Amino acid sequence: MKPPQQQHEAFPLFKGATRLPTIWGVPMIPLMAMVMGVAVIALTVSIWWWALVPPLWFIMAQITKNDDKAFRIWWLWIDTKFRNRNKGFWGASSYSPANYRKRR
Amino acid sequence: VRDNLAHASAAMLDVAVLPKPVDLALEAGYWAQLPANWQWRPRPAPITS
Amino acid sequence: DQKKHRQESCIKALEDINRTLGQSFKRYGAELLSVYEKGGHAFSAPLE
């Protein structure tokens, strides 16, 4: 059927949605992760390796511009469905209902 | 359940809100339903009240 | 088997399209053409 529809009276929705706080067009938290990683590489192997910044930084800008919140999804997956140990045994990631906190 | 998901996607697209099935954050979304869980929400996007 | 998978995916998608068009042509008197049988044999309506 046709429940209530629009006739240009619809309440405006502005596209300031998910315009995340970005510097150079990239969010703070993932760019800081890249800074930490490249700093680790620079301190570990060689010091010529702050040239690893612009390539991955540009690829991250292209990723963020297309799909503004990819990194939050990435971190959620990594934290939850990647940590869960017995993925293989169950055929799927499962959490026991009864609270077996290793106590007795 | 996939058939119903495709149906729901068609329904949402009919009213001009482009949906994309959650694939990597299925568990995060499913734990984002319980009230008082902001740390588990996949895509929080600010909007007018 | 994956040819079959593509088969049901396309059939279901197109069948949803057909239902939506039928519901959208209520005032247009639309009629989806389909197989009809004459004399113990299958005669196609679209093929005509």
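Every read-out reported here was derived from the displayed coordinates using simple, explicitly stated rules and does not represent laboratory data. Cβ placement follows ideal geometry from the backbone for every residue including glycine, while neighbour counts extend to all protein chains displayed.
List of remarks:
- Once the Cα gyration tensor of chain A is diagonalised, semi-axes √(5λ) in Å: 35, 32, 11
- Eligible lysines near A:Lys87 by straight Cα distance, threshold 26 Å, same-chain separation 8 or greater: A:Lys102, B:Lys20
- 10 Å Cβ neighbours from other chains, averaged over peptide A:7-20: 2
- Calculated P(r) of chain C - Cα pairs past 12 Å, %: 73 percent
- Inter-part distance where region A:1-79 and chain B are each reduced to a Cα centre, Å: 19 Å
- Our summary gives region A:12-96 a relative contact order of 23 percent, counting only alpha carbon pairs under 8 angstrom and 6 or more residues apart.
- Taking packing as the residue-averaged number of other Cβ atoms within 10 angstrom, the listed peptides A:7-16, A:67-76, C:30-39, A:50-59 run from highest to lowest as A:67-76, A:50-59, C:30-39, A:7-16.
- Here's the picture: charge each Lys and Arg Cβ at +1 and each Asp and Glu Cβ at -1 in chain A, and of A:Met36, A:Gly91, A:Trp74 the one pushed furthest to the positive end of that dipole is A:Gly91.
- Mean ellipticity per residue at 222 nm, deg cm²/dmol - from DSSP H runs of n ≥ 4 across chain B, formula -39500 (n - 2.57): -10500 deg cm²/dmol
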